[PDB]
Protein chains: 2
Amino acid sequence: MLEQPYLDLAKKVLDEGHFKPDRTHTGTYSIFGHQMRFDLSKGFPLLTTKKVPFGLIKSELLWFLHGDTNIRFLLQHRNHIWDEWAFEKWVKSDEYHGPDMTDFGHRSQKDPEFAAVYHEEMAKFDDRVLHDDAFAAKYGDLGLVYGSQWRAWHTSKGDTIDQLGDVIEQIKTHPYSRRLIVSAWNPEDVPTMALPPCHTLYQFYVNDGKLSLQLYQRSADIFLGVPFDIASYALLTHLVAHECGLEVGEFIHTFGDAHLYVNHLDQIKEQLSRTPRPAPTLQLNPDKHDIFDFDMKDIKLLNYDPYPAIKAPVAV
Amino acid sequence: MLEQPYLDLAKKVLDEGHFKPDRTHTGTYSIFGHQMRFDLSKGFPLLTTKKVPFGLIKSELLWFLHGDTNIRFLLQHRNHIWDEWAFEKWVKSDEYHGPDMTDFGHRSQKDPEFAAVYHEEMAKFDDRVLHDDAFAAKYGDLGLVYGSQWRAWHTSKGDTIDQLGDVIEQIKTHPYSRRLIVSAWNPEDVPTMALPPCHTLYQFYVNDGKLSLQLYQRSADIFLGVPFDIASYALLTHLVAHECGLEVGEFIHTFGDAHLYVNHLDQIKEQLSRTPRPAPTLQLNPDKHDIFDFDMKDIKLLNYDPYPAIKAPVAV
Ligand SMILES: O=c1ccn([C@H]2C[C@H](O)[C@@H](COP(=O)(O)O)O2)c(=O)[nH]1
Ligand SMILES: O=c1ccn([C@H]2C[C@H](O)[C@@H](COP(=O)(O)O)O2)c(=O)[nH]1
């Protein structure tokens, strides 16, 4: 089966994994150095062993492709993946006036009444970013995030570099280039950053008219993280191939610190008892070819018949 | 055996490898995405199936560790690995007055008389960089190279960042940091560069008091390149572990475009018929602990009993 590598990864972590502590107060079972690949011509690696919201994936990837760093776009598609980070900026602001939302997330798990308070404060925030253009510009903009790293890498002289843009051009004019890399990691920012890029770097490769892509991920959450991560990138491989008029090859996922939080042991175990099902299929608008102008209506996922979803507490 | 992974890599390329063209006018047999690891507590992965000059490795690594970008240091240790690049700058200069050294290297293979001329011009260059301080400062300095990337990453405001320096500090104060990355890849330079870093990025990891390191290499020459590359990094893992007072773990080598030039087929084949021998051992000066101040006399390689060397034409 196509998703077998993921399940393989999960079991391995359950065996060779060593308990290692981390910043998120929850014990983890980690592994350093792991590589798995997916032949994209066999199917789209969206997990069938647990329902994975392709919608959130599609819209978040498009957010990146546009070079957008503002949460507003995400919110208008019912994608709250990036809310937490923008909300922090808001609550730590002097312009903020409301209940002490300190250590929230951690504080939510341990305080049901506070949680409803917190969730209400958030509801306000999302609303204002969606309506108050100044507020959005002032608190909805993440600034340093994948879109600005991928497409607006600030040069040491005011300029901005569109990494992805040039790479895609290099792929057309020089398919056999061993230098087709896009990096999300910038040393100057890394220390002054809330969350340095989990998706550190990726490389495209062309051979026999098929386009492959490899991703180096310094840190990964086996349960909650990896399923979305495999999706975002197997899709990006398709997207770039679609533009460049190339066939799709393999998606190679290389890990640094692959880890399973101890509070997801039962869940990952249950998912493991499930038998995968045939992989879904991707369908990209044949007319439209410039991926930067794509929209939700352009990417179709046929035949995705997943198993039921699995609820697991996020670690924080 | 410890070097088995290398030989495994070689065979695989000879089988699953697909002919792919490249910039260096010689056909190659490539593979995209490959990972191999070496348990350093079993031995130092210096190839025993062919004599590999550990001297060149040791001195080049120290060059990096010092944050030195000038060829002069290398030349005073009989290390000419980096001559070619500095020589180019010289011959393309207006201050240069001598025979047209265009397309040399390629031109050398095809022109014996010219080769002796070229080799003589070089002899002059090396001599002057070693003696003429102004000339060294003007033509011996590579500028953008591993030492300046590792330790003098220029910030977008005049400053300079000592990546390695901080990481090593982070390893001591936060061993379990999943963010222990040093990147050699800078988007602003990459287009304006003679040779964008082959050794793109690396990550340290700490668990059970053992220090492991993973390297992402976008491009690799299986025959001539990989043996030195495994050495430089397995050593660096030792060096950083020595400083941080940690045990040594594994060295994980992840490849992007692993390739074997078609003119090394016979040689790699011959090397393959050889049986590996017990791995050598590293010995680092127990007193001296700050690796940045290390010198040749500090790193000892015990019991290295290699097979004879293998001559193979460099591809260019
Ligand atoms: O899609 C994603 C986003 C984040 N992470 C994870 C990795 C870690 O679980 C946590 C980051 O920890 P640090 O390495 O930055 O400390 O977020 C993923 O695996 N997948
Ligand atoms: O120690 C080294 C130095 C360089 N390279 C190689 C990789 C390619 O053979 C060539 C660079 O080709 P490009 O990818 O930059 O085009 O140099 C190595 O493998 N090992």
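In the text below, chain A, chain B and the rest are named by the order of the sequence lines, each starting its count at 1.
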Next on the checklist: Would you say NZ of B:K172 has more than 12 non-hydrogen atoms from neighbouring residues, nucleotides or ligands within 6.0 angstrom?
Outcome noted: yes

Item to check | B:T28, part contacting chain A, at a heavy-atom distance under 4.5 Å | outcome: side chain

Item to check | Interface residue of largest heavy-atom contact number with chain B, from A:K157, A:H34, A:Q170, A:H174, under 4.5 Å | outcome: A:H34

Next on the checklist: Please evaluate residues A:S30 and B:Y205 with respect to the criterion side chain to side chain donor-acceptor pair (under 3.5 Å), reporting the C-alpha separation (whole Å), side-chain torsions for both, the decisive distance (0.1 Å), and the verdict.
Outcome noted: CA-CA 10 Å; A:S30 31; B:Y205 176 78; 3.0 Å; yes

Item to check | For the student: nearest non-hydrogen atoms of A:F32 and B:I252, plus distance | outcome: CD2-CD1, 3.5 Å

Checklist entry - Which region of A:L213, side chain (C-beta onward) or backbone (N, CA, C, O), has a non-hydrogen atom less than 4.5 Å from a non-hydrogen atom of chain B, or is it both or neither? => result backbone

Checklist entry - Relative to chain B, which segment of A:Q163 carries a heavy atom at a distance below 4.5 Å: side chain, backbone, both, or neither? => result side chain

Checklist entry - Just how far is it from atom OG of A:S156 to atom CG of B:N186, taken to the nearest 0.5 Å? => result 6.5 Å

Checklist entry - A:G158, A:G256, A:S219, A:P187: which one forms the most heavy-atom pairs within less than 4.5 Å of chain B? => result A:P187

Item to check | Selection from A:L180, A:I161, A:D166 maximising heavy-atom pairs under 4.5 Å formed with chain B | outcome: A:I161

Next on the checklist: With a 4.5 Å cut-off on side-chain heavy atoms, are A:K20 and B:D208 touching?
Outcome noted: no

Item to check | A:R218 side chain vs B:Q203 backbone, donor-acceptor pair below 3.5 Å | outcome: no

Item to check | When B:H259, B:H154, B:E250 are compared by non-hydrogen pairs under 4.5 Å with chain A, the top option | outcome: B:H259

Checklist entry - Between A:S212 and chain B, which part of the residue has a heavy atom less than 4.5 Å away: side chain, backbone, both or neither? => result both

Checklist outcome for this item: Cut-off 4.5 Å, heavy atoms of chain A, and the answer for B:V182 is neither

Item to check | Test log, rule side chain to side chain contact (heavy atoms under 4.5 Å, CB included), inputs B:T254 and A:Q214 | outcome: CA-CA 11 Å; B:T254 295; A:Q214 184 172 12; 3.6 Å; yes

Checklist entry - Which value, rounded to the nearest 0.5 Å, describes the distance between B:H18 atom NE2 and A:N207 atom CG? => result 7.0 Å

Next on the checklist: Would you call the rings of B:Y216 and A:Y216 parallel, tilted or perpendicular, taking 30° and 60° as the class edges?
Outcome noted: perpendicular

Next on the checklist: Can you tell me which portion of B:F251 sits under 4.5 Å from chain A's heavy atoms? Options are side chain, backbone, both or neither.
Outcome noted: neither

Checklist entry - Pick from A:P175, A:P196, A:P197, A:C198: which one has the most heavy-atom pairs with chain B under 4.5 Å? => result A:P196

Checklist entry - Between B:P21 and chain A, which part of the residue has a heavy atom less than 4.5 Å away: side chain, backbone, both or neither? => result both

Checklist outcome for this item: All heavy atoms of B:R37 vs all of A:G33, minimum pair found to be NH2-O, 2.6 Å

Checklist entry - Do B:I181 and A:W185 have side-chain heavy atoms sitting under 4.5 Å apart? => result yes

Next on the checklist: Please classify the contact between A:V190 and chain B as side chain, backbone, both or neither, with a heavy-atom cut-off of under 4.5 Å.
Outcome noted: neither

Item to check | Minimum side-chain heavy-atom gap B:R178-A:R23 below 4.5 Å | outcome: yes

Checklist outcome for this item: Taken to the nearest 0.5 Å, the spacing of A:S183 OG from B:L201 CG works out to 7.0 Å

